[PDB]
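Quick mapping for you: the protein sequence lines, in order, are chains D, D', B, B', A, A', C and C'. A prime marks a further copy of an entry chain.
Everything in the first sequence is counted per the deposited numbering, starting at 22 for the first residue and increasing by one.
Everything in the second sequence is counted per the deposited numbering, starting at 22 for the first residue and increasing by one.
Everything in the third sequence is counted per the deposited numbering, starting at 1 for the first residue and increasing by one.
Everything in the fourth sequence is counted per the deposited numbering, starting at 1 for the first residue and increasing by one.
Everything in the fifth sequence is counted per the deposited numbering, starting at 4 for the first residue and increasing by one.
Everything in the sixth sequence is counted per the deposited numbering, starting at 4 for the first residue and increasing by one.
Everything in the seventh sequence is counted per the deposited numbering, starting at 50 for the first residue and increasing by one.
Everything in the eighth sequence is counted per the deposited numbering, starting at 1 for the first residue and increasing by one.
We put the CB at the ideal spot given by N, CA and C, even for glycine.
Here is the structure we will look at.
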Amino acid sequence: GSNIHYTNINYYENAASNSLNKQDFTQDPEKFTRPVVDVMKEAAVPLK
Amino acid sequence: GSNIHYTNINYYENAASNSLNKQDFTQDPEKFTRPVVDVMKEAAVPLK
Amino acid sequence: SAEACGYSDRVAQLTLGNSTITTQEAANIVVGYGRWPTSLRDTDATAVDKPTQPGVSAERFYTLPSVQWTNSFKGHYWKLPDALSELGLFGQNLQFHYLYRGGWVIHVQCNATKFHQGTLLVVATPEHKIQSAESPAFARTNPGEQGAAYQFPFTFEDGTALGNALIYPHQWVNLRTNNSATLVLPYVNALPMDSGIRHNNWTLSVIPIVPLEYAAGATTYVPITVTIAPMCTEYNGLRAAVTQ
Amino acid sequence: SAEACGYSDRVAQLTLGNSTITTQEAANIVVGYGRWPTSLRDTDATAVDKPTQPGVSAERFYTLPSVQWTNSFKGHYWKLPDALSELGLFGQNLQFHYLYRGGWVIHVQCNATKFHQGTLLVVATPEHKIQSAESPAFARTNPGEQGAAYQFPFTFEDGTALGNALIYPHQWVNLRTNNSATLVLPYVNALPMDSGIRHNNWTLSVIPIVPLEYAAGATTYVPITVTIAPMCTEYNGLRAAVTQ
Amino acid sequence: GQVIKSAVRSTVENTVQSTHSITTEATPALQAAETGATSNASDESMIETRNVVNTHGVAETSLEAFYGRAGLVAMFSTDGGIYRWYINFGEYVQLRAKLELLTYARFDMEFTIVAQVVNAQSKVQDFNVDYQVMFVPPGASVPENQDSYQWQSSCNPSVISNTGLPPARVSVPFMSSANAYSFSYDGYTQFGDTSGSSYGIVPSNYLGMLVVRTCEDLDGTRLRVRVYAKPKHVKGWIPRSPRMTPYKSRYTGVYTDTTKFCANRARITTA
Amino acid sequence: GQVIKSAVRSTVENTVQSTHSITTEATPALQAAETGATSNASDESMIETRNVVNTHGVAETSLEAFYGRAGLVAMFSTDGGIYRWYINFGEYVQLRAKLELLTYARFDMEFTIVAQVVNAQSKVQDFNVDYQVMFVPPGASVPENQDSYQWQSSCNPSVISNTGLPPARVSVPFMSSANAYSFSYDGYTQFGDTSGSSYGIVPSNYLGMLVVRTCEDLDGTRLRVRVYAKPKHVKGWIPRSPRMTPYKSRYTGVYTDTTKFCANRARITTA
Amino acid sequence: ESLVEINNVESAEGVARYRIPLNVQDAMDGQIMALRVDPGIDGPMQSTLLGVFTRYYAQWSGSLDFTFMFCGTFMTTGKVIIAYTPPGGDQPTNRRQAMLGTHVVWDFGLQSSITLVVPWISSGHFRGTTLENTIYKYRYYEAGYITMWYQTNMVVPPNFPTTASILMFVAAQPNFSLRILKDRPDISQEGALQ
Amino acid sequence: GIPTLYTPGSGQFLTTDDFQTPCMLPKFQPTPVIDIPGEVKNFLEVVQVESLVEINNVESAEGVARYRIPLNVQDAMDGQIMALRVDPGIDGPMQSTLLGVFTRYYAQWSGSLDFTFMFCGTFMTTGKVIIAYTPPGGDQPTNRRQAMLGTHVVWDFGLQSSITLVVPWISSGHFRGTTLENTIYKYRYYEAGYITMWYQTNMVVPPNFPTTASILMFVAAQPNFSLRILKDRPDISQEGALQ
Ligand SMILES: CCCCCCCCCCCCCCCCCC(=O)O
Ligand SMILES: CCCCCCCCCCCCCCCCCC(=O)O
Ligand SMILES: [Cl-]
Ligand SMILES: [Cl-]
Ligand SMILES: [Cl-]
Ligand SMILES: [Cl-]
Ligand SMILES: [K+]
Ligand SMILES: [K+]
Ligand SMILES: [K+]
Ligand SMILES: [K+]
Ligand SMILES: [K+]
Ligand SMILES: [K+]
Ligand SMILES: [K+]
Ligand SMILES: [K+]
């Protein structure tokens, strides 16, 4: 996988010159998968 | 032989980019040479 | 006294499930790569369903049909788990599940007399390919419980030297010394588990390197018997029974 | 809210092994004699061999062939473990062992519409004998997975009153109220374990007491389906497979 | 106004061992797609699971990993020693389809230029020649000829290289007048005009043109040029439904109607 | 479950001085190969030895030292300006035989590409031309021609270089879906098929293909390409019996039977 | 979740291809549908969100969420069984064989939908996204089948529609991931666009 | 830019070079390393494993028979049983062994060698044999008396079926070339000596017993063994590319 240690010095003035971002994480997808006002717990029925 | 001191900095993001490993040791070969359950000491007869 | 004097006793007893095997002429016990069978670690596993672990119903000794050490005998081999795919509950669990993982305890038997001479190499080879033919026959890659006769022992059926098969877990049955070989084998694969009907992890070979000879008039009919026990097994991906 | 208000919710989910059953019109869940299935205690056991406990490979839901609620329908029954003796690994473990012990989770299904009326008694009877004939036919005492049709429902096939079958664990599928019945059954016998090929501990009966009727023109084809899961099972006395 | 949190993860979710469940209380399997919410039934609730410490990463699907590589955006040959390319990513479909997976996005870009000389029959030549690529922002005068005064490029940025040198390469910042580029625009380019040709294009996405020439005249040959673009430092918003029909035009998303996406099979009951 | 330890060493074993031994107790020389164990008789027990502080290293036989160098894996010439090479190491025997010394192995790889132009008579030309090597994973569309759209390579990784530049070179990680590559597989490629042609090959070892082209058309000449691979960061398991017969096929280990490995001599009693 | 183009047959055009046909039966245990679960192969899954992104990669891993919504009248009842058959053989031929695998029994009611989780059950940590055989022999990676059968029957009142539809949704679970980006095979062109 | 001066070697492709290079898939995350038995870190672990010597490499011996050293009841004393150069990397009986194959992947070697022999006659078959190692200087010993002046072991057939003769590392230099090729390099300089076997007494058997028996010969590297300078194994070759 990715190296825990490696050179990370910027040689140029503008950030546009920098190499690619190295975060690459993901986030809870709820804003897309469950964009609802009322919480609907997994163990209960959705509608009542 | 190998140098006791020398540059060891990774310039790339992925470990696959790194240069060759520099360990190169060997290990006790018993798992291949003597994979037996009962210990058979060098000074004794093997079977009794 | 054996552990005290630093030697291996010639007698042995192997007990698994409802089966017990004994021998009074063993030559120690080999444990492949110095590793006993082990369960799949949570950090190595990938299949998410809770596995089936049959226990004693499958982890016991199964004796296969004997093979005769004939004058022209070139050797015999059995694929694992193929050889036991239709035997007992081990076979049933193997058929009903997509995935299987397990180790083995192998006991090869061949007794003669102090008037006979001969030597068998008993070797358990990981990923042993039967590739002497342009297009390998299924009957030879998966011979089942009957096993298959060797046709190319010198080249180990795979284009390598028979004499170098010693790099794999093995023992010898040298008639003047012992009448049995015992090998404990851990699961080996590049995966946590695999299909028991599409891949054989180990191949047990019994090959005569020193032909069977004897004092004139001695018993000429000398069988070789293989008894194998699955050990530390687990299965995933349950469905209807499927065989290769 | 259900446990707070003191009522039973009409929805239910039953999950065992790799199987999940749901219903949105249940009528609580019955647990026979108020007892969930339990393992054999060391103080009750007699067979000395270490038992086989297959786990999820056998403790899961098996759905049997459906039965039609015909105009002349008198009822249908299935013997346990007989009905599952040839299904999955439960069947294999039952066949390969002399002794078996286990409980059950039964889910009977029958949906119609709010335009249909009818009522089925769903009862699990311990030691239910089919003794209406001088010499009972094996086809009726052990009907297998297909089950057998009732011929004498009023006398419960055993010389007792159908109306008193309520003394046994049961529920009703009254179409205006529910479309399924669920029963959890513990192992019951006068012995710690017994043969699964010679004795049926329970018999599941589905009997129409109020005939199926409906508004003219409604769907007339109404099936009844039974899904059963072995639970907390163990086996002793391993050998080759044997069926009755 | 955000009522739904978005915690970050660096690995996929583990699996925890689960046991049987026989109840009228918990019913994970029952769902209602009408709500607009994706099912929340977990593996552990539908079957009995084992423990799986899953260390699989999520890096290769990040926006940076998905978009962070070069793709062809322009390819042409000079005519009279010059070529004018309007900067837009609709000519070559691969990168185009990728960008349209997002509604809005901010990113810097790395442009790489690969050029070589070809003859009239389009046969490549081993000929080193100096070439100039000049970025002409909207409003600046575009040179008409290979030797026009605009090539002085005292203000317009230019990159001069040689077909004998490695590909030229320069980074560009997020240049839109907007706060993000738009890869879908349901509107018109100007007030007072509702012609179809001015629909679906956001003018702020067009930053100008690249004009290319050989510094001196080639004798009978031409300069072949390929321009590649690589998004960097990507920030994106509002995922979109992927393109499911072939592209037909460079500037519009017009398409040919279809009655199916995947090919047919004999019957729905045979996989 | 490991009952046999594997301590590491950085030098071979020393020799310690020993003296004579006349006893019925210790018998180091007596062995029993039937046990499956290699003799444990030491030099010091078989003869009278002197002290030898042996500083000989063990580095050059480590997996990294043995495998850590480039070897040819592909060599071909374009046809119509293109060539499709299925990534596999069975065509050239040297590296192939090395890899088969292990059953399973994990390693990254460094690929080096050396290319030059040759004419119809296979005579090398001093001609600098740009070439493109595109990695096409299984499932992705493989270009049919030198100018097909797939060369846009917006997602597929590509490396574009020139025969006038040093050899191209890129590293690749351990890419198998498995937890190690397998150099011996006693099984079939799929369920439901037991034909010999689907035996002995583990599909996960095949990661795709490399398709090569010259960016523009060569006039009557072709591109000659050699691909070298160098394993890096090697981890290996289960040593295997070395190949002892010539290879005959690229995808199978089929061989010609033989009655001897080494050549014969007049008699067993004359060395 | 996005819709699976499940009814991909000659007689179904456009929107109709998303509907799984259900009808009042006059026989028991009948089959309703079948599909390979592999998310990246050509077929009903290729045009889904999951399918498109899976087709942008060479390998995948993870459990899959297959959700179904019944769309008949409020008075229309029924029970169906949906099963996942791990690999090894061919798709199950009947309900008895299918129910031996991972499955869920769905009862039509107020809660209109049900989810069948196709758990990640694989020999390796990842699978190839294509099952292309002729060249790579990737049929090696087949993930199995999902089949649906009548558990009881679809039942309706007098004069009601005797046919109804089920919509099929699919999505990746939280343990799903993809590796090795590759060009989506569905996006192509002849000449440069003008 | 920082002023630089590029040097000779620039642009070259040394197959044994060791530089860092850009990765084709910079964000790729490999499958986890799982527990697999038999991990090997150095091939010295392999050459220390005994393998059979193709010792009876004569016209009359084919296949498996080539591993058997013939032994038979004698009617004369002090006779020879076998002979072999001990060099692990030269063409001959050793070339197909594990030790031989790896030695053939290198140019130089050092270390003691383990030669183990297993008797395979009947339990009633007895005998004593002497196995000797003759350090270099002359030709192989012509008779048992000459052979016994060197390093040796006297083996008595019995319950313990095998015996080990350690061929100790006795060399002028710390290493020896693995080939004895003379015409070009004159490497005959490195010859390590000979191993010979002789009847110490005789093979003796009861009435009607097989009067011939076999001995299997094993060889492996000792713990002080090492190899240097990797080279292509001469046994692996091809004409055209394989299809
Ligand atoms: C002097 C060197 C020349 C290098 C090229 C500079 C290019 C500057 C323009 C940058 C604009 C890029 C963003 C375009 C995004 C919109 C795409 C579209 O909708 O078609
Ligand atoms: C864009 C630059 C191209 C560089 C080459 C990339 C190659 C990617 C494939 C890597 C796979 C290597 C492992 C193969 C090992 C299996 C060998 C075999 O069994 O034949
Ligand atoms: Cl496909
Ligand atoms: Cl297919
Ligand atoms: Cl030689
Ligand atoms: Cl010589
Ligand atoms: K158990
Ligand atoms: K268990
Ligand atoms: K995790
Ligand atoms: K729910
Ligand atoms: K979900
Ligand atoms: K030392
Ligand atoms: K000893
Ligand atoms: K040794």
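- Closest by C-alpha distance to residue 165 of chain B', out of B':15, B':20, B':127, is B':127.
- For residue 229 of chain B', the enclosing beta strand (DSSP E) covers residues 223-238.
- Taking the Cα of residue 140 of chain B as reference, the smallest distance to any Cα among A':203, A':61, A':7 is reached at A':203.
- The Cβ atoms of residue 140 of chain C' and residue 274 of chain A' sit closer than 8 Å to each other.
- With a threshold of 8 Å between beta carbons, residue 235 of chain A makes no contact with chain C.
- Interface annotation, residue 144 of chain C: not in contact with chain A', CB-CB separation never under 8 Å.
- Residues close to ligand 3 by the beta carbon criterion (under 5 Å to any non-hydrogen atom) are, from first to last along the chain, C:90, C:91.
- Residue-level contact by beta carbon holds for residue 45 of chain D and chain C', with a gap shorter than 8 Å.
- Scanning its chain for C-beta atoms nearer than 7 Å, with the 5 sequence neighbours on each side dropped, one finds around residue 182 of chain C' the residues 188, in chain order.
- Beta-carbon to beta-carbon, residue 207 of chain C and residue 218 of chain B' are separated by about 5 Å, close enough to satisfy the 8 Å threshold.
- With a 10 Å radius around the Cβ and a threshold of 16 neighbouring Cβ atoms, residue 213 of chain B' comes out exposed.
- Taking CB atoms only, residue 160 of chain C' has no neighbour in chain D less than 8 Å away.
- Per DSSP, reduced to three states, the secondary structure at residue 65 of chain C is helical.
- Looking only at A':126, A':171, A':108, the smallest Cα-Cα distance to residue 190 of chain B is reached by A':108.
- Around the beta-carbon of residue 47 of chain D', 16 or more other beta-carbon atoms lie within 10 Å, marking it buried.
- Judged by pairs of C-beta atoms under 8 Å, the region 132-141 of chain A' touches the region 163-181 of chain A', as three or more such pairs exist.
- Nearest CB-CB separation between residue 169 of chain B and chain D': below the 8 Å threshold.
- Residue 192 of chain B is positioned such that its CB atom lies no closer than 8 Å to that of residue 103 of chain B.
- For residue 220 of chain C, the uninterrupted beta strand (DSSP E) segment begins and ends at 212-221.
- Distance check between residue 205 of chain C and each of B':120, B':222, B':153 places B':222 closest, using alpha-carbon atoms only.
- Less than 8 Å separates the beta-carbon of residue 197 of chain C from that of residue 81 of chain C.
- The shortest C-alpha to C-alpha distance from residue 66 of chain D' to any of A':128, A':214, A':27, A':92 is the one to A':27.
- With distances taken between CA atoms, residue 41 of chain D lies nearest to A:67 out of A:7, A:153, A:67.
- Remark: the shortest separation between the CB of residue 24 of chain B' and any heavy atom of ligand 10 does not fall under 7 Å.
- Burial is judged here by how many other beta carbons sit within 10 angstroms of a residue's own beta carbon; residue 17 of chain B has at least 16 and is buried.
- Residue list for ligand 14: A':41, A':42, C':114, C':220, C':222 (CB closer than 6 Å to any heavy atom, chain order).
- With contacts defined by Cβ atoms closer than 8 Å, residue 11 of chain A and residue 57 of chain A do not form a contacting pair.
- Below the 8 Å Cβ cutoff, chain D contributes no neighbours of residue 222 of chain A, its closest Cβ being approximately 38 Å away.
- Between residue 77 of chain B and residue 23 of chain C', the alpha-carbon positions lie close to 45 Å from each other.
- For residue 65 of chain A', the pairing in a beta bridge is given by DSSP as C':42.
- Pairwise C-beta distances place the region 81-90 of chain A' out of contact with the region 110-123 of chain A', as fewer than three of them are shorter than 8 Å.
- Of all residues in the region 98-128 of chain C', only 98, 101, 102, 105, 106, 110, 111, 112, 114, 116, 118 place a beta-carbon less than 8 Å from a beta-carbon of chain A'.
- No heavy atom of ligand 6 is found nearer than 7 Å to the CB of residue 210 of chain A'.
- With a 10 Å radius around the Cβ and a threshold of 16 neighbouring Cβ atoms, residue 142 of chain A comes out exposed.
- In this structure, DSSP gives residue 102 of chain C a helical state, which the three-state scheme calls helix.
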